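# Inside the fold
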Amino acid sequence: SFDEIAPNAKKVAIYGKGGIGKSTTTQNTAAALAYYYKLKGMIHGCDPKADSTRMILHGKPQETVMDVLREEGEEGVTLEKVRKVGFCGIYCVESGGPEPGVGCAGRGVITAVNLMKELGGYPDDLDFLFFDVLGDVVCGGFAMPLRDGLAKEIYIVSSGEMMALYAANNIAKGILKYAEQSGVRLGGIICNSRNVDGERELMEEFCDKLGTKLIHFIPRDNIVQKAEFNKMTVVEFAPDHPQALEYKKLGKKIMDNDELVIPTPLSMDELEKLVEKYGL
Amino acid sequence: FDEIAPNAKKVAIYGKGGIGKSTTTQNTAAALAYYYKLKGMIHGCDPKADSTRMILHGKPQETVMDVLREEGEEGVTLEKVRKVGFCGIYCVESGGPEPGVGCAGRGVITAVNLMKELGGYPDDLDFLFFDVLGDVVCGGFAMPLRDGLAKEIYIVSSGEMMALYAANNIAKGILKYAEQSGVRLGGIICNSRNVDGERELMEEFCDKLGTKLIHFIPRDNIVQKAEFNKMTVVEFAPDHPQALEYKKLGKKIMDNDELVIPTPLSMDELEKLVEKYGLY
Ligand SMILES: Nc1ncnc2c1ncn2[C@@H]1O[C@H](COP(=O)(O)OP(=O)(O)O)[C@@H](O)[C@H]1O
Ligand SMILES: Nc1ncnc2c1ncn2[C@@H]1O[C@H](COP(=O)(O)OP(=O)(O)O)[C@@H](O)[C@H]1O
Ligand code: SF4
Ligand SMILES: [Mg+2]
Ligand SMILES: [Mg+2]
């Protein structure tokens, strides 16, 4: 069952709109937890972009599970080819997916999670396990962590943008749908700032209406791009930089989080009027 | 699907979420129906269900899935699913299932089949646009290419890496289904974000992709001002430079003959291209 895999670990899944900063937040948060707090972790990329583990692997792209299955076949698959070790011993896995227009994009997630369970790719002694999931659509393999209770705690990365909040509200609808069946809950909304006026204020009212909390406000900092150029995470590049400490704060907040709640999704009218009220 | 609206230019607009597909599709259709007096129709294939709002003057449209769910296949009528808006532009919203329930693109198949059965695609149509979600190329979202529903595809994109990544993925889907359905890429439409050298990056991207940058839509506040008045930019101010830009684009789409099978870029090629200009 999905509850027996890494039982001593805090299973978390990060959802959000495309390009909102899920990979950046998930990788830097995991890097902070493994570096400052010396915790054993693992990242399972459930985004077909397949770059959710690049900064942990120091710029080296990882072969996806679908790519390895396609070339080596089910017989020639080894845990060493699909799971790599990066910064501070963080294990990395990329689910991947089918070619655009071929089948269901989420199918790669289900195959990778089942293969990881089969090969014992999730260490029992793990302290945290993160899943970078595509949140533009809540269906198939993308909605599997919410439906099958793979990760009990969900966090959505969002900005003041209408699309980002719309996606977050849709993910909350999926959480509410299988909240009693799977026991999945929303830990909070993580705001990846875009440097707009009154972004935090809009996000805090959005969380109030959604029945959750704005767990953390990540500022927009060019250190992310400077670190990405040296093929490293911000934590690995400059652990003393204020940005690295922001990910450290978020990391501890996620670990010590207890306010997990079933969401109260907003209506399409409530969301629009909330966006119009602030008018960023 | 070649028998539905045979005298019409069947086009499908793809692109990343929040890139400006609904804004471009609606204003382009409004320009074609207002300046050139062409009979047109918009079939929203985005689960957001707001691709036909400005044409309907801010009035929300009941989606096909909503009507089908609460009234059954018998209680369905064209009057309830197809509405008339600015300059007699017909409007339909496919809709979709609740987040986490089934396949998000399912609403597209049900709506296109239902229109095909009720004869909701006027034969005397001059143009037929499909606002499709491009974050993931699968299911009902990849159907228009698959069944050759719309033979000409245009992708709305900006200088952002995620917007270009999505456009490249849509091009991959076009290439796979180019010989089977005869679908083709008409060009890339750039929805400007007011960044330095955005056009130059987009033009090199089109060169590498084997297509052309059909048009450059500037970022104008008149869009939000017309949105506030529950109207399209064409209906709000047909003499505004922006309203004209959509008129130029509309004619370019109608008189377009340079349809090409795309040469998708590799992940390395796209990253090096983004780094060459370093817009962001
Ligand atoms: N806190 C931040 N400060 C500055 N840039 C950021 C921040 N978070 C994300 N970014 C940038 O945003 C872009 C998208 O980030 P990413 O993590 O890949 O989003 P996603 O995984 O949802 O697609 C990247 O270029 C990244 O450098
Ligand atoms: N040419 C433009 N100039 C200014 N704003 C624009 C333009 N095109 C789109 N927008 C804005 O961008 C946002 C997203 O537009 P939208 O059409 O809904 O994208 P999508 O259909 O891909 O979800 C809207 O708030 C809209 O006002
Ligand atoms: S369930 Fe989702 S990912 Fe799968 S084919 Fe449908 S829209 Fe695509
Ligand atoms: Mg990502
Ligand atoms: Mg839309």
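Residues numbered from 1 in each chain as written, not as in the entry; some residues may be left out. Chains lettered and ligands numbered in written order. Heavy atoms only, no water.

This entry, as listed in the PDB, derives from X-ray crystallography and reports a resolution of 2.49 Å.

Labelled according to the PDB entry, chain B appears under the name Nitrogenase iron protein, originating from Methanocaldococcus infernus ME. The title assigned to this entry in its PDB record is "MgADP-bound Fe protein of the molybdenum nitrogenase from Methanocaldococcus infernus". In its Catalytic activity (unreviewed entry) section, the UniProt record describing chain B reads: "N2 + 8 reduced [2Fe-2S]-[ferredoxin] + 16 ATP + 16 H2O = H2 + 8 oxidized [2Fe-2S]-[ferredoxin] + 2 NH4(+) + 16 ADP + 16 phosphate + 6 H(+)". Word for word, the UniProt comment on chain B under Sequence similarities (unreviewed entry) is "Belongs to the NifH/BchL/ChlL family." (UniProt positions renumbered as here; feature names shortened; annotations may be inferred.)

The name the PDB entry assigns to chain A is Nitrogenase iron protein, from the organism Methanocaldococcus infernus ME. Among the UniProt annotations of chain A, the heading Function (unreviewed entry) holds the following wording: "The key enzymatic reactions in nitrogen fixation are catalyzed by the nitrogenase complex, which has 2 components: the iron protein and the molybdenum-iron protein." Looking at the Sequence similarities (unreviewed entry) heading of the UniProt record, one finds this comment for chain A: "Belongs to the NifH/BchL/ChlL family."

Time to look at the UniProt feature "binding site: ADP" (unreviewed entry) in chain B. All names here are of chain B. According to UniProt, the "binding site: ADP" (unreviewed entry) feature falls on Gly18, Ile19, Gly20, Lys21, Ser22, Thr23, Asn191, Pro218, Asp220, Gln224, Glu227 and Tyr246. Inspection of the secondary structure puts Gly20 in the loop between β1 (9–15) and α1 (21–34). Look past the residues within four positions of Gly20 in its chain and what remains in contact with it is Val156 and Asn191. Positionally, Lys21 belongs in helix α1. (Helix = DSSP H or I, 4+ residues; strand = E, 2+ residues; numbered from the N terminus. Contact = heavy atoms within 4.5 Å.)

Before going further, it helps to spend a moment on the UniProt feature "binding site: ATP" (unreviewed entry) in chain B. Here the UniProt-annotated "binding site: ATP" (unreviewed entry) positions come out as B:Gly15, B:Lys16, B:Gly17, B:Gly18, B:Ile19, B:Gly20, B:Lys21 and B:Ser22. Along the chain, B:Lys16 falls in the loop between β1 and α1. A residue is classified by how much of its surface remains accessible, and B:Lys16, at 6% relative accessible area, is buried. For B:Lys16, the contacting residues outside a window of four places in its chain are A:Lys17, B:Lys21, B:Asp135, B:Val156, B:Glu160, B:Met162, B:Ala163 and B:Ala166. Using a relative accessible area of 5% as the deciding quantity, one classes B:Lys21 as buried. Once residues lying within four places of it in the same chain are set aside, the contact partners of B:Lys21 are B:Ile13, B:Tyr14, B:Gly15, B:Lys16, B:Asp46, B:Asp131, B:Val132, B:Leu133 and B:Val156. (Buried < 20%, exposed > 50% of the residue type's maximum accessible area, 1.4 Å probe, protein only.)

In this complex, chain A contributes 31 residues to the contact, which on the side of chain B involves 31 residues. Carbon and sulfur atoms make up 62% of the surface buried where chain A meets chain B, a total of about 2500 Å² over both sides. When the buried surface of chain A facing chain B is broken down by residue, A:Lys49, A:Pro100 and A:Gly101 rank first, second and third, together holding 23% of it. A salt bridge links A:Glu272 to B:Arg53; the shortest N-O distance between them is 2.8 Å. One can count 7 residue pairs in polar contact joining chain A with chain B. Those elements giving two or more residues to the side of chain A that touches chain B turn out to be α6 (162–177) and α12 (268–278) of chain A. For the side of chain A that touches chain B, the element with the highest residue contribution is α6(A), accounting for 7 residues. (Buried area = accessible area lost by both parts, 1.4 Å probe. Salt bridge = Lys/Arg side-chain N within 4 Å of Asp/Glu carboxyl O. Polar contact = N/O pair within 3.5 Å; in protein donor to acceptor, adjacent residues only side chain to side chain.)

Here the focus is the packing of aromatic side chains. Scanning the model with the defined rule gives 6 aromatic pairs over all chains in all. Their ring planes at 80 degrees and their centres at 5.1 Å tell us that B:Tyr34 and B:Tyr35 sit as a pair that is edge-to-face. Plain terms: the ring middles of B:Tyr34 and B:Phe86 are 5.9 Å apart, the flat faces sit at 25 degrees to each other, and that makes the pair stacked. Taken together, the residues B:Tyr34 in helix α1 and B:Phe86 in the loop between β3 (83–84) and β4 (90–93) connect sequence positions 52 residues apart. For B:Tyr34, a relative accessible area of 35% gives the class partly exposed. Put simply, the rings of A:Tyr35, A:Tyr36 and A:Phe87 pair up and form one aromatic cluster. For the cation-ring pair, A:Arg200 lies above A:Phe217, with the distance from its terminal atom to the ring centre recorded as 4.4 Å. The ring of A:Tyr166 has B:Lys48 lying over it, and the distance from NZ or CZ to the ring centre is 5.5 Å. (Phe/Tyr/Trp six-rings, centres within 6.5 Å; stacked < 30°, edge-to-face > 60°. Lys NZ or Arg CZ within 6 Å of the ring centre and 35° of its normal.)

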